[PDB]
Amino acid sequence: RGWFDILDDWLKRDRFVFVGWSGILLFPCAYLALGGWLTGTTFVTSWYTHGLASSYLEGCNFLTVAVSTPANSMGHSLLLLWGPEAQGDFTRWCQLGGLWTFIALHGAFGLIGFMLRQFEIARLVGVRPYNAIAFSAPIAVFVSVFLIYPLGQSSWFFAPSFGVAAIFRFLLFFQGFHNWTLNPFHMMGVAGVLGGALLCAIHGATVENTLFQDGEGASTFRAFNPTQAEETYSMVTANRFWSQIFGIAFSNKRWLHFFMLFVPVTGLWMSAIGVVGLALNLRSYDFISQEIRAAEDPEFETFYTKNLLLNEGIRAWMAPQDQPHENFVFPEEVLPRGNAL
Amino acid sequence: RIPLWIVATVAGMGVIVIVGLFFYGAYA
Amino acid sequence: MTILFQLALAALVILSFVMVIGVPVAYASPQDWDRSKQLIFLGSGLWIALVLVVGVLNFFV
Amino acid sequence: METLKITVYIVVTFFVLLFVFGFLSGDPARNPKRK
Amino acid sequence: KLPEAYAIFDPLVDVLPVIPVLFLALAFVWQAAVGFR
Amino acid sequence: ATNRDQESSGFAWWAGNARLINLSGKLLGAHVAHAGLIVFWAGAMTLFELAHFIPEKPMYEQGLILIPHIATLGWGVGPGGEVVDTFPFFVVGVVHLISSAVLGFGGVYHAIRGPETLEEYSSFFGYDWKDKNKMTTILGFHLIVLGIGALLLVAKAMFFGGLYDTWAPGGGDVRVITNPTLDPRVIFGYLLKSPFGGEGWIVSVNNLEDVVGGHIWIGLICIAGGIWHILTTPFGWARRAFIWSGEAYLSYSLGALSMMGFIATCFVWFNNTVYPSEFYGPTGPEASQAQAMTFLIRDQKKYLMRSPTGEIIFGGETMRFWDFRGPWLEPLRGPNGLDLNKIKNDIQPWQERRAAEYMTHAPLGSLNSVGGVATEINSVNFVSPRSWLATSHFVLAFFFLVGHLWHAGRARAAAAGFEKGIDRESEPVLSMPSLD
Amino acid sequence: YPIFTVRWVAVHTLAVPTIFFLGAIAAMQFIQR
Amino acid sequence: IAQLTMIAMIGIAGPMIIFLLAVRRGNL
Amino acid sequence: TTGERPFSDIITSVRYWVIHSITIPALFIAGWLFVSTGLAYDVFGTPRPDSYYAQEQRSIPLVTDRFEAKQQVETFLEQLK
Amino acid sequence: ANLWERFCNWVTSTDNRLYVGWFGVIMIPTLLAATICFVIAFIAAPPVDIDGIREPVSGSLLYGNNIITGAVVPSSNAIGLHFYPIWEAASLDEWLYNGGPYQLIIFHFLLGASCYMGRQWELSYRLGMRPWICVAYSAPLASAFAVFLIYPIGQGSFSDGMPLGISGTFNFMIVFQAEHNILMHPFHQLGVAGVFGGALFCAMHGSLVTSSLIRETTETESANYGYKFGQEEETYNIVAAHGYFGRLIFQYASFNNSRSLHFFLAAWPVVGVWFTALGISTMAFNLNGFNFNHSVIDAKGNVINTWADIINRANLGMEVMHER
Ligand code: CLA
Ligand code: CLA
Ligand code: CLA
Ligand code: CLA
Ligand SMILES: CCCCCCCCCCCCCCCC(=O)OC[C@H](COP(=O)(O)OC[C@@H](O)CO)OC(=O)CCCCCCCCCCCCCCC
Ligand SMILES: CC1=C(/C=C/C(C)=C/C=C/C(C)=C/C=C/C=C(C)/C=C/C=C(C)/C=C/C2=C(C)CCCC2(C)C)C(C)(C)CCC1
Ligand SMILES: CC1=C(/C=C/C(C)=C/C=C/C(C)=C/C=C/C=C(C)/C=C/C=C(C)/C=C/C2=C(C)CCCC2(C)C)C(C)(C)CCC1
Ligand SMILES: CC1=C(/C=C/C(C)=C/C=C/C(C)=C/C=C/C=C(C)/C=C/C=C(C)/C=C/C2=C(C)CCCC2(C)C)C(C)(C)CCC1
Ligand SMILES: CC1=C(/C=C/C(C)=C/C=C/C(C)=C/C=C/C=C(C)/C=C/C=C(C)/C=C/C2=C(C)CCCC2(C)C)C(C)(C)CCC1
Ligand SMILES: CCCCCCCCCCCCO[C@@H]1O[C@H](CO)[C@@H](O[C@H]2O[C@H](CO)[C@@H](O)[C@H](O)[C@H]2O)[C@H](O)[C@H]1O
Ligand SMILES: [Cl-]
Ligand SMILES: [Fe+2]
């Protein structure tokens, strides 16, 4: 029927793991991203890029292994294996941080492939593609944080390193240098994530506690049939309960589930916008009125000014080791201390 | 054939001893 | 008396292992229950006597 | 200060007694299915 | 330390407190034998 | 067998113990086997702790929580908490292990082989959850047993060697209490005290005379209440106030145990009398005050303040810990606070040694047992036993509050008959008028 | 029932390097440090 | 090694009770 | 469902065990020999525990140039040698 | 009948617009008091000497704060854990100066929120519902207890409680990381897994239900009008959603049971938040997160830093600046 049609029928054949046309992009890229992370955290050091041990081979544990970012002198180089930095040598490629760019690029294209997989499966199954719409928010977060943020900064060095404690360092770095908690876009992100967790818990508990008695057993899970046409829980009772407890309640189930879609997706998109702002150092670091007031009044002290002092401490005490390329030598007398404020 | 509970118990004990080996290496 | 107490304590450990394996097995096997009950009574008496013997030999060792 | 303390003690005692005696006033009977 | 005459059973004591935890695991093992009915 | 699958019982495997609700013999077997598990942990943990116990070193530097409990009872210890013989610790562990073997035998017998229901065999042991009189009779028997246990602690303190008194002059010693506090005003004034700072409720008990007298009162009250519940039936307000079912009684016990767990973590964190700092280590306030006093000794050869109520206290951040009372600090405390010249020329070497040792062992550590501040190297392996006991019992108390909420709600719903869900033909909200 | 399926490929591309890596990490646990 | 072997023996005590009751069929 | 043999039937099959009682130890031995013989250090460039610092210096060997980073790493490795 | 009969029937009435109940007769006055005191303190409270060394911290809007930087400052370090009502101070000025409003607000709020949980149970009982929504609510309530009560009790002062403000909350977070290394605590990692997974599963469940809505409307009409309140038929095809999600990962990773799925949705963030609240309480008793400082040493004895050492450097930087 044509090689394209026969290949298309093979790719969308029902099996244990769906392949599809998107699988050609997804499975290699996702497999290489995961395998590169496991290989880097198992074997590959960060000694020449960060001056850090970050592999199981060096003695780190699961919390402290990472595939670290390339050195700051690499700039925003793609760091291809055949590129001018590694020149085909796999060992120098690993030593220079090429595994980080490997994982980041293959992970980006794997995320693209997974979203295309969502679209393809929604097309063949026959459902609306709202799962892909919702997955646009993790993609926005990944693109803003792992790609746009280092591209706005000096190099790939200041992107997050793929590891647990390295991500914790990234959090503390953003607090100390960007005052990222003070950013309203991050605030909307936090509201979206915590509201999504609240909505998950509250909707699950509400459904589980407004169930219809559809079976004789005391374990209600077997009282549900997937092919049943009736609702398994009482929306009227749930609406009455939440109207009398909280004042307001959902009355439209479709609006409820769209709202569950809407809240964390919008939160993640807002946080991605804020991260783009931080990529250009367009931070919400300070309030100018409070800076002027604190300059003109030594006795003025708020929690915001204390947070600024804590950020100064973070910056000065972590910068020489977190940024070894700058050769920061801070003598003891210039380090901020509370006993000198 | 081998009963499924035998396989499940053997896999659980193997994963428990690999976790214990990793924690022993961590404390060492 | 030292090696005697050590042997009695090792015998207590072995008999406790035997009872731990066997008593739920005998309790959950209805077919062979009569000889099982006789062995359980004998083992319980032996276990109590071995505990007392280990205690007094501990006071002697 | 003492008048405010006595007022707060009276208010708290009143509300706590309302709670306690309300839950003693046949609370399991106030359900839609049984009793 | 333990009394010296008990020292030869010192490794056994080293594993004694972990035994109740295994009891919890044993329950699941028992359920695995009966198909979680 | 009967009630051992979902179709007959209605409960899945993950709720399989709920199949034991109306099977008195198997339920008794589960309870006795579980009690055997508890006694087994006590014996095995005592033997494990003794097998790695250096009697010359303090107990709190070796991660022990059960040997301090026996040591507080005045067993195997001398003046200053020194270990004079480790044999009673071994006796406690061995007797617990053997008794756990006996209890495990009984639990396995009643769970597997014994009668499934106790009702037909014995009217005395056969019980129905709805039978209020039988429930109160069993409660009375257990109250009598608990009163006997409290009186056993009293007898140990008064007749069988006494208890370790950390407040004994010279640095604490095993002492036989001869004059317990029988006065109800002190005993129930401990009950009526505020739970906040400077008052501390029953956690602020600071002498063994009060402890022994309160235990005399508790034992007598428990025995009297046990007799009262054997002889009487629940009154009408009690019958109309409670749900009378096995899950309901379980939920009441869960709420009580959650409250007791919170009281226990507060006791082990703040009290240094029934949890002596010789065995359990200093409390957090104790360590901070010891640091202030030792640095005062260092700087004198300035830590003084005035407090909100007008009293000489140590200065600095440790101003928050000015309500601390310890046996090494009380000789240096005058009627207006810390007597400074009495610090200068009445310090004793044992108090200074205690203060320095308690400086070095503040209740501060990590999950991988690294001592000191969270920003310091892993040179010292120390987490205080008070921290372990307080953290574990807060976790258990919170989860038992959650269990109390779960079982109390389920018991109310099951008694009212909608624990399995809303009846489709008799949904109550549909008959209710709309809110607007 | 065939053997060389897509499921076989996915399972084994995740399975073979997993055991290789686990042996590597155990041999790491016996490094003198 | 002695601790490991003791762990192994106590850990096979229970599952082999289950194994014996399953093979010699009884009321598990 | 989908035409593949069920996982339970596969893992309970004796033939599956007799294939997988040889291949899995072979891969485990391959990984153990990869680390224990020291091939992993050479393949991935991870320093050995005595190869972090040169014998004379205590400076961390950061690379500082984009197009000479390979030669810089090689220079560090020669100075430790 | 009796006045007590009429009052009991009104209190437990399901015909009230907002249910009161007995938990509500405690909840309404305490929460009203806490709310009124919070609004008044957030707008107009004078500066509070939180550290007890006469350097007060201004938290109210009238003293030079905005919405972000405004807070109700925790009570003074000189107060400690002492009960500090209004009548325990010599004057209202002294009560405000030592942070008494914080104690009033947090005590009333904790009482009111516990009674809110009880009220949730009570209304579920009066409506013939299953009773475990209050169990789900116990996780944020445990978190509030941990940061407002349990952490002050462990540290020995209500001055270490979380301030009632946005920037004060950030200050609480940073000082907590400095003193306890909460990021390396597995209970906080379980909490992060709980909230991240809760957001993920919320978006996932919403997108799968929205994806499989049954056609009941036109293109001009909003799809939400396809559902009637109280309709008996299901508004979405759960079989189609299960088929999609089974093809997205594999068939056995998908819930065919809606009750099991909704139990999982309830259980994951609730258990995670339980563990993070317990983490805050256990760090209140100074059982801190994993240290891992100097975990890699070379052959010659030189310390090889890891990412944990960078974290410890940052924590030390926060620690030296928050003290004195
Ligand atoms: C403290 C823990 C504990 C205890 C005491 C019990 C006790 C009990 N459970 Mg149970 N259970 C538990 C935890 C526990 N459970 C957990 C964690 C789960 C979840 C997996 C379950 C799930 C569960 C289900 C699903 C069911 C039970 C049932 C039962 C009862 C009958 C047991 C039976 O017939 O098994 C028979 C099993 C065997 C014969 C196998 C051997 C077991 C023996 C007793 C082990 C003894 C080992 C020990 C070392 C021997 C020492 C003896 C020595 C002192 C001489 C029994 C009273 C059943 C019930 O309700 O009955 C109506 C039932 O259907 N349980
Ligand atoms: C004295 C305490 C006590 C008692 C007697 C009971 C008794 C009961 N509970 Mg209950 N419960 C309790 C405390 C208690 N609970 C607490 C504290 C909580 C809060 C967490 C709960 C929460 C709870 C729920 C949510 C439910 C019950 C249910 C039940 C019934 C069936 C239980 C069953 O088969 O479990 C079988 C046991 C298991 C499946 C094992 C669970 C494993 C635990 C959760 C993890 C243990 C982790 C361990 C500490 C560390 C790791 C161990 C290591 C091996 C890895 C039974 C009447 C069920 C019910 O209502 O039935 C009517 C039910 O659905 N309970
Ligand atoms: C709470 C614990 C408890 C309870 C309520 C029961 C209850 C019962 N058991 Mg049982 N049992 C238990 C524990 C318990 N047992 C233990 C631990 C074991 C192991 C030794 C046994 C072994 C056992 C066997 C072998 C048999 C029973 C039988 C019976 C039934 C009749 C007993 C009778 O007529 O006694 C009448 C009263 C007496 C004989 C007086 C007993 C006096 C005791 C021994 C003194 C204890 C002093 C003190 C309180 C000890 C405290 C210990 C504590 C601190 C741990 C009855 C339902 C029988 C049965 O099921 O009948 C078909 C039966 O054959 N039990
Ligand atoms: C395990 C212990 C226990 C248990 C479960 C019971 C259970 C019971 N007892 Mg009881 N009792 C006990 C021990 C126990 N008793 C002892 C030791 C004594 C001797 C002093 C008595 C004396 C006794 C009498 C005289 C009566 C009962 C009654 C009752 C029944 C009604 C319970 C009720 O509504 O009280 C709920 C509690 C209250 C209504 C008290 C008011 C609540 C206040 C506000 C709580 C304040 C505490 C607060 C949380 C702070 C804690 C600290 C505080 C001390 C400051 C119930 C079956 C009654 C009954 O029906 O008799 C058959 C009855 O008249 N008991
Ligand atoms: C509906 C039943 C389950 C409900 C609860 C599910 C909750 C969620 C839990 C999820 C994990 C556990 C799964 C259930 C487990 C379960 O039900 O157990 C049983 C089930 C196997 O049962 P069967 O033997 O019937 O399955 C074989 C079928 O092919 C039938 O012939 O196990 C699995 O599916 C194995 C999982 C590992 C398979 C690894 C394959 C990896 C290949 C690569 C995959 C890539 C996909 C992503 C693409 C981007
Ligand atoms: C980079 C690169 C590459 C790639 C490679 C690959 C793709 C690899 C893979 C690899 C792999 C693929 C590996 C694996 C690994 C694995 C592991 C290492 C595992 C581990 C595990 C564990 C440890 C477990 C755990 C657990 C869980 C999670 C749960 C339960 C509990 C436990 C703990 C048991 C190539 C050559 C192409 C090119 C060049 C570059
Ligand atoms: C004192 C002592 C003793 C005793 C002991 C005892 C009492 C024991 C017991 C023991 C036991 C009683 C044990 C048990 C064990 C168990 C086990 C080892 C299990 C495990 C499990 C697992 C591994 C699981 C798995 C699974 C399943 C099946 C399902 C789900 C999934 C999973 C995977 C989780 C003797 C006599 C020796 C001697 C003297 C000393
Ligand atoms: C019902 C049931 C159950 C449970 C069970 C139980 C819980 C039991 C218990 C059990 C028990 C609770 C047991 C115990 C045992 C013990 C023993 C058997 C011991 C013995 C001892 C000995 C032999 C000693 C030795 C010695 C001494 C003299 C000292 C020195 C050291 C030594 C260790 C060498 C389950 C969950 C499975 C499930 C199903 C069914
Ligand atoms: C030994 C001791 C002592 C003593 C103590 C005492 C003397 C105790 C007693 C105690 C007591 C004598 C307690 C009591 C408690 C009680 C309670 C805890 C109650 C509860 C209640 C309830 C739970 C109720 C509920 C309700 C309501 C509210 C309403 C209606 C409904 C109902 C009924 C549910 C002292 C400290 C001196 C010293 C140290 C040691
Ligand atoms: C803080 C201190 C608290 C002290 C508490 C100790 C008191 C113990 C005994 C209290 C007795 C209360 O007893 C209870 O009272 C109420 C009100 O009078 C009685 O009367 C009630 O009857 C029915 C019962 O369904 C209710 O609908 C009705 O509202 C009410 O009139 C109950 O029939 C009686 O059970
Ligand atoms: Cl600060
Ligand atoms: Fe839903």
Side-chain angles (χ1 to χ4, degrees), chain A residues 28 30-44 56 62 65 67 81 90 93-94 98-99 102-103 106, chain B residues 11-12 14-16 18-23, chain D residues 13 16-17 19-30 35, chain F residues 150 153-154 180-181 184 186-191 193 201-222 225 235-243 248 251-252 255-256 259-260 263 267 271 273-274 408, chain G residues 13-25, chain I residues 31 44, chain J residues 1-2 4-9 11-12 22:
Chain A
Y31 179 72
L32 287 187
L34 182 69
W37 184 75
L38 292 157
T39 299
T41 54
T42 306
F43 296 111
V44 166
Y56 297 125
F62 166 77
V65 285
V67 177
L81 176 57
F90 181 77
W93 187 62
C94 289
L99 262 190
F102 182 90
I103 287 150
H106 284 91
Chain B
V15 97
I16 257 53
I18 207 58
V19 165
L21 177 61
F22 294 160
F23 266 94
Chain D
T13 303
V16 165
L17 286 171
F19 178 86
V20 168
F21 276 102
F23 264 134
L24 288 168
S25 307
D27 194 66
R30 315 177 184 268
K35 262 145 291 298
Chain F
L153 175 72
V154 171
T181 306
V186 186
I187 298 313
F188 296 89
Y190 274 115
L191 266 186
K193 261 158 48 93
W201 196 45
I202 66 167
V203 182
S204 36
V205 58
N206 58 342
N207 54 94
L208 288 173
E209 285 84 72
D210 283 329
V211 168
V212 171
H215 278 93
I216 289 166
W217 276 99
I218 272 296
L220 285 184
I221 279 176
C222 284
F235 300 140
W237 61 270
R239 296 183 315 255
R240 288 184 292 278
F242 294 100
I243 301 293
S251 86
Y252 311 146
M259 158 159 63
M260 278 183 250
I263 298 172
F267 257 103
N271 196 282
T273 300
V274 294
Chain G
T13 66
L14 275 312
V16 174
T18 288
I19 304 308
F20 186 86
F21 270 59
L22 282 160
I25 293 162
Chain I
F44 296 100
Chain J
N2 199 302
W4 182 243
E5 247 292 320
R6 305 169 65 200
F7 181 72
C8 285
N9 292 324
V11 158
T12 61
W22 306 112

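Residue numbers start from 1 in every chain, and the chains themselves are labelled A, B, ... in the order their sequence lines are given, proteins ahead of strands. Both ligands and their constituent atoms are indexed starting at 1 by order of listing. Just the heavy atoms: all of them, side chains too, but no hydrogens, waters or symmetry mates, feed the values below.
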Using a 4.0 Å heavy-atom threshold (strictly under), name the region of [X] that reaches ligand 9: side chain, backbone, both or neither.
X: F:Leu191; answer: side chain
X: F:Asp210; answer: backbone
X: F:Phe242; answer: side chain

Check whether any N or O atom of D:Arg30, backbone or side chain, sits under 3.5 Å from an N or O atom of ligand 10, and answer yes or no. yes

Is there a polar contact between ligand 10 and J:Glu5, counting only N or O atoms under 3.5 Å apart? yes

From [atom], is the closest protein heavy-atom distance below 4.0 Å?
atom: atom 30 (C) of ligand 9; value: yes
atom: atom 40 (C) of ligand 6; value: yes
atom: atom 33 (C) of ligand 6; value: yes
atom: atom 22 (C) of ligand 6; value: no
atom: atom 9 (C) of ligand 6; value: yes
atom: atom 36 (C) of ligand 6; value: no
atom: atom 13 (C) of ligand 6; value: yes
atom: atom 1 (C) of ligand 6; value: yes

May I ask you to check whether F:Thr273 and F:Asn206 show a side-chain donor-acceptor distance below 3.5 Å? no

Can the ring centres of B:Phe22 and A:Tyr56 be said to be less than 6.0 Å apart? no

Flag the pair F:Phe188 / F:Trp217 as yes when their ring centroid distance falls below 6.0 Å, and as no otherwise. yes

Nearest protein heavy-atom contact for [atom]: which residue, which atom, what distance?
atom: atom 22 (O) of ligand 10; result: D:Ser25 C, 4.9 Å
atom: atom 3 (C) of ligand 10; result: D:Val20 CG1, 3.9 Å
atom: atom 7 (C) of ligand 9; result: F:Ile187 CG2, 3.8 Å
atom: atom 9 (C) of ligand 10; result: F:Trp237 CD2, 3.8 Å
atom: atom 3 (C) of ligand 9; result: F:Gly214 CA, 3.8 Å
atom: atom 5 (C) of ligand 9; result: F:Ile218 CG1, 4.0 Å

Atoms of ligand 6 close to [X] [distance to a heavy atom under 4.0 angstrom, numbered from 1]:
X: B:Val15; value: 34 (C)
X: G:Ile25; value: 18 (C)
X: A:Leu32; value: 37 (C)
X: A:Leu99; value: 1 (C)
X: A:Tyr31; value: 7 (C)
X: A:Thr39; value: 8 (C)
X: A:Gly36; value: 1 (C)

Kindly check if the number of other-residue, nucleotide or ligand heavy atoms within 6.0 Å of CZ (A:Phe90) is above 12?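 Counting neighbours around CZ of A:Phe90, more than 12 heavy atoms of other residues, nucleotides or ligands fall under 6.0 Å, so yes.
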
Relative to [atom], which among [options] owns the nearest non-hydrogen atom?
atom: atom 19 (C) of ligand 6; options: G:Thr18, A:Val67, G:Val16, B:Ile18; answer: G:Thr18
atom: atom 34 (C) of ligand 10; options: F:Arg240, J:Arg6, D:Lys35; answer: F:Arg240
atom: atom 11 (C) of ligand 6; options: G:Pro17, A:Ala33, A:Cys94; answer: G:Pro17
atom: atom 1 (C) of ligand 10; options: D:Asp27, D:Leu17, J:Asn2; answer: D:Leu17

Using a heavy-atom cut-off of under 4.0 Å, does the side chain or the backbone of B:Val19 touch ligand 6, or both, or neither? side chain

Specify side chain, backbone, both or neither for A:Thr42, according to which of its non-hydrogen atoms lie closer than 4.0 Å to ligand 6.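 Neither part.
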
Does ligand 6 have any atom sitting under 4.0 Å from a heavy atom of A:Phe90?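 Checking ligand 6 against A:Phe90, which is what was asked, there is a heavy-atom contact under 4.0 Å.
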
Would you say A:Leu81 touches ligand 6, if touching means a heavy atom closer than 4.0 Å?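 It does not; every heavy atom stays at 4.0 Å or beyond.
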
Show the atoms of ligand 9 that are less than 4.0 angstrom away from any heavy atom in [X].
X: F:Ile202; result: 36 (C)
X: F:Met259; result: 18 (C)
X: D:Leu24; result: 30 (C)
X: D:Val20; result: 29 (C), 30 (C)

Geometric class of the F:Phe235/F:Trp237 ring pair [parallel <30°, tilted 30-60°, perpendicular >60°]: tilted

Parallel, tilted or perpendicular: which one describes the rings of I:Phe44 and A:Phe43, with boundaries at 30° and 60°?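 Parallel.
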
Which atoms of ligand 10 sit under 4.0 Å from any heavy atom of D:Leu24? 10 (C), 14 (C), 35 (O)

Would you mind running through ligand 10 and noting each atom that sits below 4.0 Å from a heavy atom of D:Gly26? 24 (C), 25 (O)

